[PDB]
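Down below is the structure, laid out as structure tokens.
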Amino acid sequence: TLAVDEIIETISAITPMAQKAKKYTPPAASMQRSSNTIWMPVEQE
Amino acid sequence: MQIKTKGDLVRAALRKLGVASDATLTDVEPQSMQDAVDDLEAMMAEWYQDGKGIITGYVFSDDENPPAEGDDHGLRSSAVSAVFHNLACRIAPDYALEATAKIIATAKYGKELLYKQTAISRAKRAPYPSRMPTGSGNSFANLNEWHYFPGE
Amino acid sequence: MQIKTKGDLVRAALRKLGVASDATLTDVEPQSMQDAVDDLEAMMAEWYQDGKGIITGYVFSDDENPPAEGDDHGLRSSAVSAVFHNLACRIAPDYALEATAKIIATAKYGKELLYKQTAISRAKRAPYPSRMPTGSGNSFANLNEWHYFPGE
Amino acid sequence: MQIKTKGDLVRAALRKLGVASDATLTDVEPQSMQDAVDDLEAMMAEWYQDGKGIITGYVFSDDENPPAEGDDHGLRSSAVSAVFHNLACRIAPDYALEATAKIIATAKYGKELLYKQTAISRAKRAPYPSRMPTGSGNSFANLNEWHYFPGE
Amino acid sequence: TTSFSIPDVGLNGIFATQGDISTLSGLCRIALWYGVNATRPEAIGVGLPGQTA
């Protein structure tokens, strides 16, 4: 057997939502003590 | 062939030994016949080491069918002589006998001739090692990038 | 196979010896079976050297079961001929007899066939020594950061 | 195993020799049985050269327990055949007998099989000489590694 | 161990390999830690066509 050096490509996916999603990296040292959670305020009325 | 059963093989071996045949005035008992069939079965199981021994097409009788004698042996027509000569050689001690020189020589020759074709088939050369290059002369192998032989 | 118990093995050995068969009008003396079973057990224990000898699937009887005779030997179909031929050779001196040359040759051949597959299995090559390098061409060794073989 | 005492070994040896067995009509006297047990003890003490010979697990009877016969020999299952075959060979001259060729060959094979595992265990390579260096390969690892081999 | 930067999605994980010498084998692992959060669920929506009966 000499598996030819060509590949039959089958799948081609796209990730538009994950690309458009904004990505956030809070401080790791603080998050470890805060249990991987962080609070953010809300616009005041 | 006139010899088509385990009982036929046993009777042929007995005739070769000169103990019992179709012309004698004394015969061997059916218990002796059955137990000689048992000896033949043990011989064939020993020869055919569960697929790694001498392949002859012999068919082993099952216990569901009671009489082992009366079962077609399944051997080809060229194996019968070797089979029954060796059977005579192995069951000669039952009757305080010793197989004659002609029977011994024929048994040896028949066993060798039985294994000849299997030996020819099994004389196979190993594949290339996984550490040898295929060489540049194989353009297709080089382009498909098979620089070294697969192996195994 | 029709030889499925130590009793059948003993009876086949006795018949090969010509002591108690049907070809001669001799019945198995009851004491000729206990001693033969003892000899067979001793020979099998000697062969199967606590797992480091000849592996045959023989089932050794325990002290709880009263009758040693009557148990299935457990041997494969390809070992019965060797077993009972060697048993006949071993128990021949009891009756001031001597196993014939054919029986001795069959015993030798059967023992060789018994140990053939075990020898093939045990013919294993030792691993690499602890002081070899793996070479620069060993992709797996380079990936796993093993410049030398582990040995053992 | 049916053989579990020095007298069982002696009786098996006598049965092998053909002098006396269970089916026999004339037996040997208890004084002769004690003499055979004494010869067995002598042979075992000669084999087990105070721990520097053949190891079998044989237990030597003391004078406090009166009958040396009746004690479990303590041998493994694989040693019984060799032990009683060699005992038969040793005690054959007592009864104006000479052990047969099969018995002699089995005794030789049994003694060799008895010493095989002990020979494997005792085949050991000596430590390094006291003047050999440990090599600079054993210097960067284990920063306090010795510069020379101890010896002894 | 090294990093493992996924393209398309703008995320990073780790890629580690280890080797067991007792069995002369190895293991590989691509780990990625993240969490999707919806800070304003009142802004996200869902359109459901054909919701009759």
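Just remember, in the structure tokens the first chain shown is A, the second B, etc., residues are 1-based per chain, and ligands are 1-based in the order shown.
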Sorted by chain and rising residue number, list the residues of chain C at most 12 Å from chain E (counting only C-alpha atoms), each with its closest atom pair and distance in Å to one decimal, as JSON lines.
```
{"residue": "C:127", "atom": "CA", "partner": "E:24", "partner_atom": "CA", "distance": 11.6}
{"residue": "C:140", "atom": "CA", "partner": "E:26", "partner_atom": "CA", "distance": 9.1}
{"residue": "C:141", "atom": "CA", "partner": "E:19", "partner_atom": "CA", "distance": 9.4}
{"residue": "C:142", "atom": "CA", "partner": "E:19", "partner_atom": "CA", "distance": 10.9}
{"residue": "C:143", "atom": "CA", "partner": "E:17", "partner_atom": "CA", "distance": 8.6}
{"residue": "C:144", "atom": "CA", "partner": "E:19", "partner_atom": "CA", "distance": 5.5}
{"residue": "C:145", "atom": "CA", "partner": "E:19", "partner_atom": "CA", "distance": 8.4}
{"residue": "C:146", "atom": "CA", "partner": "E:21", "partner_atom": "CA", "distance": 8.9}
{"residue": "C:148", "atom": "CA", "partner": "E:21", "partner_atom": "CA", "distance": 11.1}
{"residue": "C:149", "atom": "CA", "partner": "E:21", "partner_atom": "CA", "distance": 9.3}
{"residue": "C:150", "atom": "CA", "partner": "E:21", "partner_atom": "CA", "distance": 7.3}
{"residue": "C:151", "atom": "CA", "partner": "E:21", "partner_atom": "CA", "distance": 10.1}
{"residue": "C:152", "atom": "CA", "partner": "E:22", "partner_atom": "CA", "distance": 9.7}
```
How about saving the chosen residues, N, CA and C atoms kept, as a PDB file, in the first residue's frame?
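Generated file (out36.pdb):
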```
ATOM      1  N   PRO C 127      15.333  -6.373  25.295  1.00  0.00           N
ATOM      2  CA  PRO C 127      15.280  -4.959  24.913  1.00  0.00           C
ATOM      3  C   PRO C 127      16.677  -4.374  24.781  1.00  0.00           C
ATOM      4  N   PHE C 140      10.279   9.676  17.566  1.00  0.00           N
ATOM      5  CA  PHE C 140       9.541   9.494  18.813  1.00  0.00           C
ATOM      6  C   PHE C 140      10.430   9.738  20.024  1.00  0.00           C
ATOM      7  N   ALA C 141      11.654   9.212  19.998  1.00  0.00           N
ATOM      8  CA  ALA C 141      12.569   9.426  21.110  1.00  0.00           C
ATOM      9  C   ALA C 141      12.916  10.900  21.259  1.00  0.00           C
ATOM     10  N   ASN C 142      13.136  11.594  20.141  1.00  0.00           N
ATOM     11  CA  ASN C 142      13.415  13.025  20.208  1.00  0.00           C
ATOM     12  C   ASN C 142      12.227  13.793  20.772  1.00  0.00           C
ATOM     13  N   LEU C 143      11.012  13.429  20.359  1.00  0.00           N
ATOM     14  CA  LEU C 143       9.821  14.106  20.863  1.00  0.00           C
ATOM     15  C   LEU C 143       9.666  13.897  22.362  1.00  0.00           C
ATOM     16  N   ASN C 144       9.874  12.668  22.827  1.00  0.00           N
ATOM     17  CA  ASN C 144       9.704  12.357  24.241  1.00  0.00           C
ATOM     18  C   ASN C 144      10.947  12.654  25.066  1.00  0.00           C
ATOM     19  N   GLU C 145      12.006  13.172  24.441  1.00  0.00           N
ATOM     20  CA  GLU C 145      13.236  13.570  25.123  1.00  0.00           C
ATOM     21  C   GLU C 145      13.888  12.360  25.795  1.00  0.00           C
ATOM     22  N   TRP C 146      14.118  11.326  24.987  1.00  0.00           N
ATOM     23  CA  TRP C 146      14.786  10.099  25.418  1.00  0.00           C
ATOM     24  C   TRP C 146      16.035   9.947  24.558  1.00  0.00           C
ATOM     25  N   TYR C 148      18.534   8.136  25.416  1.00  0.00           N
ATOM     26  CA  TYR C 148      19.065   6.805  25.655  1.00  0.00           C
ATOM     27  C   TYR C 148      17.919   5.835  25.906  1.00  0.00           C
ATOM     28  N   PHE C 149      18.176   4.563  25.622  1.00  0.00           N
ATOM     29  CA  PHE C 149      17.181   3.530  25.847  1.00  0.00           C
ATOM     30  C   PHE C 149      17.054   3.232  27.341  1.00  0.00           C
ATOM     31  N   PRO C 150      15.884   2.761  27.790  1.00  0.00           N
ATOM     32  CA  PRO C 150      15.679   2.557  29.230  1.00  0.00           C
ATOM     33  C   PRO C 150      16.228   1.234  29.738  1.00  0.00           C
ATOM     34  N   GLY C 151      16.336   0.243  28.859  1.00  0.00           N
ATOM     35  CA  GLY C 151      16.844  -1.054  29.260  1.00  0.00           C
ATOM     36  C   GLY C 151      15.821  -1.891  29.996  1.00  0.00           C
ATOM     37  N   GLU C 152      16.273  -2.617  31.015  1.00  0.00           N
ATOM     38  CA  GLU C 152      15.411  -3.457  31.845  1.00  0.00           C
ATOM     39  C   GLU C 152      14.609  -4.450  31.009  1.00  0.00           C
TER      40      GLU C 152
END
```
Can you tell me, as an MDAnalysis selection string, which residues in range 14-147 of chain B count as helix (DSSP H, G or I) by DSSP?
chainID B and resid 14:17 30:47 80:95 101:122 139:143
For chain B against chain C, which residues fall within 10 Å using only C-alpha atoms, given as a count of residues only?
40
Proximity of chain A to chain E: per-residue shortest pair, 10 Å limit, only C-alpha atoms, as CSV:
```
residue,atom,partner,partner_atom,distance
A:14,CA,E:8,CA,8.3
A:15,CA,E:8,CA,6.9
A:16,CA,E:8,CA,8.5
A:17,CA,E:9,CA,8.9
A:18,CA,E:9,CA,5.7
A:19,CA,E:9,CA,5.0
A:20,CA,E:9,CA,8.6
A:21,CA,E:9,CA,8.7
A:22,CA,E:10,CA,9.1
A:23,CA,E:10,CA,7.6
A:24,CA,E:34,CA,9.6
A:25,CA,E:34,CA,9.5
A:36,CA,E:35,CA,9.8
A:40,CA,E:39,CA,9.0
A:42,CA,E:39,CA,9.5
```
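Straight-line separation from CA of residue 7 in chain D to CA of residue 70 in chain D: 6.7 Å.
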Set the distance at 7 Å and use only C-alpha atoms: which residues neighbour residue 4 in chain B once local chain neighbours fewer than 3 positions away are removed? I'd like the list as a ChimeraX atom specification.
/B:1,8,72-73
Atomic distance CA of residue 5 in chain C - CA of residue 85 in chain C, expressed in Å with one decimal:
15.1 Å
Hey, what's within 10 Å of residue 32 in chain E if we count only C-alpha atoms and toss same-chain stuff fewer than 5 positions away? As a PyMOL selection string, please?
chain E and resi 3-6+11-15
Emit the selected residues as a PDB file, in the first residue's frame, including N, CA, C and O atoms.
```pdb
ATOM      1  N   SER E   3       2.085  27.157  24.086  1.00  0.00           N
ATOM      2  CA  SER E   3       0.782  27.741  23.831  1.00  0.00           C
ATOM      3  C   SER E   3       0.179  27.141  22.563  1.00  0.00           C
ATOM      4  O   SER E   3       0.836  26.426  21.803  1.00  0.00           O
ATOM      5  N   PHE E   4      -1.099  27.439  22.344  1.00  0.00           N
ATOM      6  CA  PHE E   4      -1.843  26.892  21.210  1.00  0.00           C
ATOM      7  C   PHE E   4      -2.869  27.955  20.815  1.00  0.00           C
ATOM      8  O   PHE E   4      -3.943  28.043  21.408  1.00  0.00           O
ATOM      9  N   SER E   5      -2.513  28.771  19.831  1.00  0.00           N
ATOM     10  CA  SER E   5      -3.334  29.912  19.442  1.00  0.00           C
ATOM     11  C   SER E   5      -4.329  29.463  18.382  1.00  0.00           C
ATOM     12  O   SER E   5      -3.940  29.133  17.259  1.00  0.00           O
ATOM     13  N   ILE E   6      -5.607  29.447  18.733  1.00  0.00           N
ATOM     14  CA  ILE E   6      -6.625  29.095  17.742  1.00  0.00           C
ATOM     15  C   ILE E   6      -6.813  30.269  16.788  1.00  0.00           C
ATOM     16  O   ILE E   6      -6.968  31.413  17.245  1.00  0.00           O
ATOM     17  N   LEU E  11      -8.719  33.027  20.480  1.00  0.00           N
ATOM     18  CA  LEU E  11      -8.495  32.403  21.772  1.00  0.00           C
ATOM     19  C   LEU E  11      -7.160  31.669  21.799  1.00  0.00           C
ATOM     20  O   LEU E  11      -6.584  31.323  20.764  1.00  0.00           O
ATOM     21  N   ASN E  12      -6.676  31.443  23.016  1.00  0.00           N
ATOM     22  CA  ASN E  12      -5.403  30.787  23.266  1.00  0.00           C
ATOM     23  C   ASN E  12      -5.604  29.679  24.286  1.00  0.00           C
ATOM     24  O   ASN E  12      -6.332  29.852  25.265  1.00  0.00           O
ATOM     25  N   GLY E  13      -4.957  28.544  24.052  1.00  0.00           N
ATOM     26  CA  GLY E  13      -4.948  27.463  25.014  1.00  0.00           C
ATOM     27  C   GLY E  13      -3.547  26.925  25.204  1.00  0.00           C
ATOM     28  O   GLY E  13      -2.575  27.568  24.804  1.00  0.00           O
ATOM     29  N   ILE E  14      -3.425  25.740  25.790  1.00  0.00           N
ATOM     30  CA  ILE E  14      -2.130  25.110  25.982  1.00  0.00           C
ATOM     31  C   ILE E  14      -2.100  23.790  25.227  1.00  0.00           C
ATOM     32  O   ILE E  14      -3.130  23.165  24.967  1.00  0.00           O
ATOM     33  N   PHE E  15      -0.888  23.377  24.868  1.00  0.00           N
ATOM     34  CA  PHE E  15      -0.636  22.116  24.186  1.00  0.00           C
ATOM     35  C   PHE E  15       0.523  21.445  24.900  1.00  0.00           C
ATOM     36  O   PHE E  15       1.627  21.995  24.935  1.00  0.00           O
TER      37      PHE E  15
END
```
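Take CA of residue 105 in chain D and CA of residue 104 in chain C: the distance between them is 12.4 Å.
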What are the residues of chain A lining chain B at 10 Å or less? Count only C-alpha atoms, and put the answer as JSON, numbers by chain.
{"A": [1, 2, 3, 4, 5, 6]}
